[PDB]
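A, B, C, D and E label the chains in the order they appear, each numbered from 1.
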């Protein structure tokens, strides 16, 4: 008595993280008088646009098409077939390294959780998009000469090759850039086929 | 009995509670009375004016009350439940639903979709159907104003 | 004695970091002025030239270790200009003491006298303040705004 | 015939409210016939649809901190584990009552009718809030000293303990007890710490 | 004659700590771009990220968005005018009489 709670939780672990990859260890609270476990919270969360609305979801539902033979556990072959349905593929080794980024069995537990923490890399849309907006004097169009003079000199010095390559693809409406649209050419709904 | 003259109706609706003859006078728009005689015979018409005068007002009482009594209506059911909480107040603040549901909601784009999608067409059409009438009137009467 | 409190140190810094574009740990003796402004002090150019700051960018750079002494110095000074020293000044520019001074007259004078303004600082101050269909800039609420600062309650 | 539906809807009904009175002494629980669902229809509800485009997306974003069966499940043993860190103490007296709204297979189809049961619950809004709210003639607040009066008088005379905990805990916005917010702190939109 | 350095320096004061907003915001704007022009270049050949349009839009999700951007515009302005209008005619009708 005062026991039937704490007995029964030893199930939870069996279909989640614990066996599959115990990096994130849990902590079980309750003392023998149960009213004292109430200092064990989960408090504080939404910083910015973490699982970005146009990226994250349409992946988890897609799983049934990636899970080929319908087990939950994507082998290197379940990958091998699905990329053959897409268009371009990586070699075995190139995929074998993605397998090595995970602790092994890319299954419905593992795949999702190895996605779940990875939020750093790209910048959120507003942040990139505001760059020439917080630069024009009060809304006209920003001169491609100033941009060419900056990237070369004032900061990390980009190369002749790096600059004019990234330059070329530019909606240049008469000497000034359509900034937001080139920002969209940097980030938007667009280029597949890259993982997973 | 149906409808009566514009004028000939008034002398019975004066002379009903008698009203002293000298001390009233008929006119065309303005009606003329004396001091004294009028006023308290005009309070007396509350004690006397039953039937239609108080039945318009009473129908308006029933009009109002049928829609708008409120107040006592959901009280009993809530009140029993207040007790169902009050017997447990020492627990209450230690509970489940509190605040984890919130901060993302200013950042997302087209949030309450589906239901507002079933609403969408009617919402588009009738707002315009209204802005058709809810322009045109004052709106033409601007020229008429000038 | 008088000193600079911790709050005074942080405010100077919060700006200074943003001012030093380059990262020399140092500002220029012109930035010495607009920093004191941003810090919510109000000296003249001549006050900065009373203490060793400049028109031009490219002579002597100053550290915070020179700035904070100068900030302690400015904090001691009284000859900045009050409302009173202005309410004096305005009372020849009313052509008949009302408050309501003529815009074109205010233009001719500010460009000629005192420190002298630029074309821009004239046009901008007029466009910033209350021009009516007559042309009557009300000198004292105008001064009271200059005392108040760049941001009232409109975030504009 | 019917037997099998009610095998399920023993475990799914239950759901309001066979084992309710756990701590506090019992009171006539919801009856067992399959017609009585029409009195399970009380007030407090709101109804939604199955699709979500990117609205309830939030659950895919939240998942990782909480999970049980990563197929898609929270099941009978996980209340005894995660809720320890989300809110209240659980007793062996109040078990299926503390679970009363969700006693068994809350699948993707079923999650909707626990979210409707947010606007339903144990007599939500319509009752919980409107209860004190109905006292006054306009924009009120509940008249504190007369609330003390009725608590020691009206039918079931309460005890002093509850009152003194309540006194230090009373949110008196200026000359009357703000019961409306003393309840509605848990809804609104303006913080994010706990519950979940 | 000496009208007036002090008030002219007080002009320059509130004038300057205002326009400086642009010089601050632009300093971080220069940074976001100077990383992204290089992010765009290297991360064009990663192992798990730019799966986006080629087969993925057999699903829903993206589907309605851009349509609704063009449509929602309409819903707002019709409602905004329907709020403001009548109660303008209230104060016009007040005048007319």
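As a convention for this text, a contact is a pair of C-beta atoms (placed from the backbone, for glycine too) under 8 Å apart; a residue touches a chain by one contact, two chains touch by 3 or more.
Trainee: Going by the stated contact rule, which chains contact chain A and chain B alike?
Mentor: Expected: D, E.
Trainee: Chain with the smallest distance from its CA centroid to the overall CA centroid?
Mentor: Chain closest to the assembly's C-alpha mean: E.
Trainee: Farthest chain from chain A, going by the mean of C-alpha atoms per chain?
Mentor: The chain lying farthest from chain A is B.
Trainee: Please work out the Cα centroid separation of chain A and chain E, and write it as a whole number of Å.
Mentor: Between these chains, centre-to-centre, one finds 25 Å.
Trainee: When the centre of a chain is set as the mean of its C-alpha atoms, what distance in Å lies between chain C and chain D?
Mentor: So the centre of chain C lies 61 Å away from the centre of chain D.
Trainee: What whole-Å value do you get for the distance between chain D and chain E if each is reduced to the mean of its CA atoms?
Mentor: Computed from C-alpha means, the inter-chain centre distance equals 41 Å.
Trainee: On chain A, where are the residues touching two or more other chains?
Mentor: 38, 42, 45-46, 53-54, 57
Trainee: Would you pick out the residues of chain C that each touch at least 2 other chains?
Mentor: Where chain C is concerned, no single residue meets two or more other chains.
Trainee: At least two other chains touched by the same residue of chain E: list those residues.
Mentor: 60-61, 64
Trainee: Show me, using the given definition of touch, all chain pairs that touch one another.
Mentor: A-B, A-D, A-E, B-D, B-E, C-E, D-E
Trainee: In the complex, go through chain B and note every residue touching chain A.
Mentor: The contact residues of chain B facing chain A are 94, 100, 102-104, 107-109.
Trainee: Inside the complex, what are the residues of chain E that reach chain C?
Mentor: Answer in residue numbers: 1-18, 20, 23-24, 27.
Trainee: Over in the complex, which chain A residues touch chain D? Could you list them?
Mentor: Listed in rising order, the residues are 1-2, 4-6, 8-12, 15-17, 28-30, 34-38, 40-46, 50-51, 53-54, 56-57, 60, 72, 108-109, 112-113, 116-117.
Trainee: Give every residue of chain A touching chain E within the complex, in rising order.
Mentor: Counting only chain A, the residues touching chain E are 54, 57-59, 61-62, 85-87, 90, 94-95, 97-98, 101, 121-123, 127-128, 130-135, 137, 150-151, 154-156, 158, 162, 165-166, 186-187, 189-196.
Trainee: So in the complex, the part of chain C that touches chain E is made up of which residues?
Mentor: 18, 21, 34, 37-38, 40-47, 80-81, 85-86, 89, 92, 109-110, 113-117, 121, 124-125, 143, 146-147, 149-151
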